[PDB]
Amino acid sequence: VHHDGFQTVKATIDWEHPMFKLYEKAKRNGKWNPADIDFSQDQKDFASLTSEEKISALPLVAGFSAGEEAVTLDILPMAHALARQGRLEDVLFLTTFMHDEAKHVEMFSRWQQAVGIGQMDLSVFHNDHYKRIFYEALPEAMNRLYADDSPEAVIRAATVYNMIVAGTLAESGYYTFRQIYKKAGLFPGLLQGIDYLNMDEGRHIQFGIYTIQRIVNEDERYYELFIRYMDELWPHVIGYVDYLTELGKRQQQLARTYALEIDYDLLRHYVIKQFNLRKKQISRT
């Protein structure tokens, strides 16, 4: 379907638009290249580990690698729906969002290659709860936007990505990675990558907040919908946390060896503090 004009021909970019200023920040803080990370110490770290120590890390990497790959694939219809609405500055920023996520895919995959598990299918650490979120709910809500770009649809997609997948699971995964492998002194390259990812992530979450708020600002029913969709997914969020927790408890070798007082009941509550504060971040007026 045709264009009925071009904003930068009729006029200019809206230089004061929040998403244009988020875009400017993204060019300035998003120059990191996964190809420049040195994973060699990570290769030795992983080899030194016993088989059962090796398993300790793989479930978390598996959730991240599918997660990054899913968001790289699924964000495209959201960028397209905002394009079609003529929200040019949103689109400019989303280009950085998408390049970020592609770097995220690349980072974890280079790590898997370098530590020697590239040939290994980590699909087995995705339980049904995880599948529900990443294999189903994320692509469903995003792809919807081809045929139905209503505020209700935009709210739902922004919630699924920005406030659950990223704002809850991803952020908790950054925290879990530090609480564990930063302490044991393991996987320096991976944790460098995690740092970069966490910095990128702040812009991603801010885009989701800006999106969700601007729709709630029109009509407050949409605050209710926001919350309803958050809560509708929480059981699958926590069912995946419990699944991963029950895995670390039954594979204590890495914690024992590297003398980690690994507190799963605290990671868990961090997930809850993340989920609840994402709700807080959306003002109802």
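Residue numbers here begin at 1 and follow the sequence given.
Checklist entry - Comparing 177 to 185 with 158 to 166, which has the greater mean CA B-factor as deposited? => result Of 158 to 166 and 177 to 185, the stretch with the higher C-alpha B-factor average is 177 to 185.
Item to check | 33 to 41 or 215 to 223, whichever carries the higher mean Cα B-factor | outcome: According to the entry, 215 to 223 carries the higher average C-alpha B-factor.
Next on the checklist: In terms of recorded Cα temperature factor, pick the maximum from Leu254, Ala62, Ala26, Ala70.
Outcome noted: So the option with the highest C-alpha B-factor is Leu254.
Checklist entry - How does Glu261 rank on Cα B-factor within its chain, lowest, middle or highest third? => result Its C-alpha B-factor, which the entry lists for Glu261, ranks in the highest third among residues of this chain.
Checklist entry - Looking at the C-alpha B-factor of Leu49, is it in the lowest, middle or highest third of its chain? => result CA B-factor rank for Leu49: highest third.
Checklist entry - Relative to the other modelled residues in the chain, which third contains the C-alpha temperature factor of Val9: lowest, middle or highest? => result Tercile = middle for this residue's CA B-factor.
Checklist entry - Relative to the other modelled residues in the chain, which third contains the C-alpha temperature factor of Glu171: lowest, middle or highest? => result As the PDB entry reports it, the C-alpha B-factor of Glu171 lands in the middle third of its chain.
Checklist entry - By its CA B factor, does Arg268 count among the lowest, middle or highest third of the modelled residues in the chain? => result Within its chain, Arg268 is a highest-third residue by C-alpha B-factor, going by the deposited values.
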